[PDB]
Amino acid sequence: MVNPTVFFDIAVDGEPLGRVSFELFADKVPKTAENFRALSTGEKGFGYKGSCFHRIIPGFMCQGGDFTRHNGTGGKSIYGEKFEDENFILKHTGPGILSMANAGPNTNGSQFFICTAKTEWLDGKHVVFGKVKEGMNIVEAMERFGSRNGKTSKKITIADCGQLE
């Protein structure tokens, strides 16, 4: 309706690849959208500017949003802790879907994941809060730099994050 949109300018080793627009669902999930939008502007000191995409699996997703450790074990929410699973209204339609990663039930942090395939097995287990609005060609490009392991050959990073409307 009056839903906040944010961006991600992807960088392979250092050189630009393009931006990805993200429509957040403040209408369906209020708290969870603000937890992404707050770290996308970087208005709390710590943000998505200068962040790594640790796990990237082809035909699955792009896990990122870990800055306190960059290996997958870290990250912290804007609520000064780790928040609760808001609700499981939105499902994993297919490609483009942006959902919250967790360490189990009610353990939501700063870590998220962008889907490249239909991931219905994660419904009711992960909180969906956004979809790619524009720049799906850029996501399909990030995809081919991964493996079965999740390991990134050429270190994929985010270096420019902000907000649109």
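So that the term is clear: the rigid core is the largest set of C-alpha atoms that superpose within 1.5 Å between two forms. The first residue of the sequence shown is number 1, and the count goes up from there.
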**Message:** Do the Cα atoms of 66 to 74 or of 124 to 132 sit farther, on average, from the shown structure in 6 other deposited structures of this protein when the rigid core is superposed?
**Reply:** 66 to 74
**Prompt:** Higher mean Cα B-factor in the deposited model: 149 to 157 or 20 to 28?
**Reply:** 149 to 157
**Item:** Of 120 to 128 and 40 to 48, the stretch whose C-alpha atoms average the higher B-factor in the entry
**Value:** 40 to 48
**Complete:** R55: CA B-factor among chain residues, third -> lowest
**Message:** Using only modelled residues of the chain, where does the Cα B factor of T68 rank: lowest third, middle third or highest third?
**Reply:** highest
**Prompt:** Which third of the chain holds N35 when residues are ordered by C-alpha B factor: lowest, middle or highest?
**Reply:** middle
**Message:** How does the C-alpha B factor of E81 compare with the rest of the chain: lowest, middle or highest third?
**Reply:** highest
